[PDB]
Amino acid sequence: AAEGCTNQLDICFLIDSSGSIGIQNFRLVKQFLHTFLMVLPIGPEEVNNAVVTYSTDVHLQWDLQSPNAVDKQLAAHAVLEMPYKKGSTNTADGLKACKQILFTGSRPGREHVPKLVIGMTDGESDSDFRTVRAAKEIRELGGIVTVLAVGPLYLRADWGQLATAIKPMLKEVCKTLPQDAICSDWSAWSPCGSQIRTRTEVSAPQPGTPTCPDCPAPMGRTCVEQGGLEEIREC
């Protein structure tokens, strides 16, 4: 929301690879994703990323349960290796893929973390990124859908100025995302047996903006959810 946003995200990058993009513009998208992943706090406890390419059919590059989902350097290298497969623009099936990954394919702990779809497309499917039932379903499940059309959660950029869209895209997403509770720092370890330290919830979690009329938004982590208010060590 305002004042900030959570670090625990699941992001499915949905990349158009149609013939209306071309092998040239596809390389720009990959390099855009390369530097984009460089800015995101990619990590097992932070942001998890999945990448899906599509044209006539859907091509899963890697999902959230892959080692690339939690390693920044590993993931950044991989998006550059992504093969260009020409065809039509089957965004519908692509969104169904991101839906499957985000809501059924999470890492063991992260089923209820905020779900985010970042789609990149051209003049096509910009209105079908809202119209298609798959995108509607992601929204009513609490998921967030962002689209970058090249050539508020809808952004426009030209092929020569793609990277200029990164900062404003992060800006809009952070407003839609919830802010976790703000906890105090841990107290010193208590004397023994077993050592125990505590902390306080200074500010309450702030929910994010609903993605559609009257549909659920993530409520953000309480301090109890962010690792509890107490920790116990043994001596």
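Numbering starts at 1 and runs along the sequence shown.
Fill in: Chain break class at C192/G193 - deposited residues not modelled
Missing residues, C192 to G193: 4 to 9.
Fill in: Between neighbours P152 and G151, residues that the deposited sequence lists but the model omits
The entry has 10 or more unmodelled residues between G151 and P152.
Item to complete: Identify the stretch, either 79 to 87 or 124 to 132, whose C-alpha atoms have the larger mean B-factor according to the entry.
Response: Per the PDB entry, the higher value belongs to 124 to 132.
Item to complete: Return whichever of 195 to 203 and 43 to 51 has the greater mean Cα B factor according to the PDB record.
Response: Averaged over C-alpha atoms, the B-factors run higher in 195 to 203.
Item to complete: From the list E140, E111, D158, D93, select the residue with the highest C-alpha B factor recorded in the entry.
Response: Highest CA B-factor of the listed options: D158.
Item to complete: Could you look up the Cα B-factor of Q65 in the entry and say which third of the chain it sits in: lowest, middle or highest?
Response: For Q65, whose C-alpha B-factor we compare with every modelled residue in the chain, the answer is the lowest third.
Worksheet entry | Third assignment of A188 from its chain's C-alpha B-factors | According to the entry, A188 has a C-alpha B-factor in the chain's highest third.
Item to complete: Relative to the other modelled residues of the same chain, rank the CA B-factor of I11 and answer lowest, middle or highest third.
Response: It falls in the bottom third of the chain.
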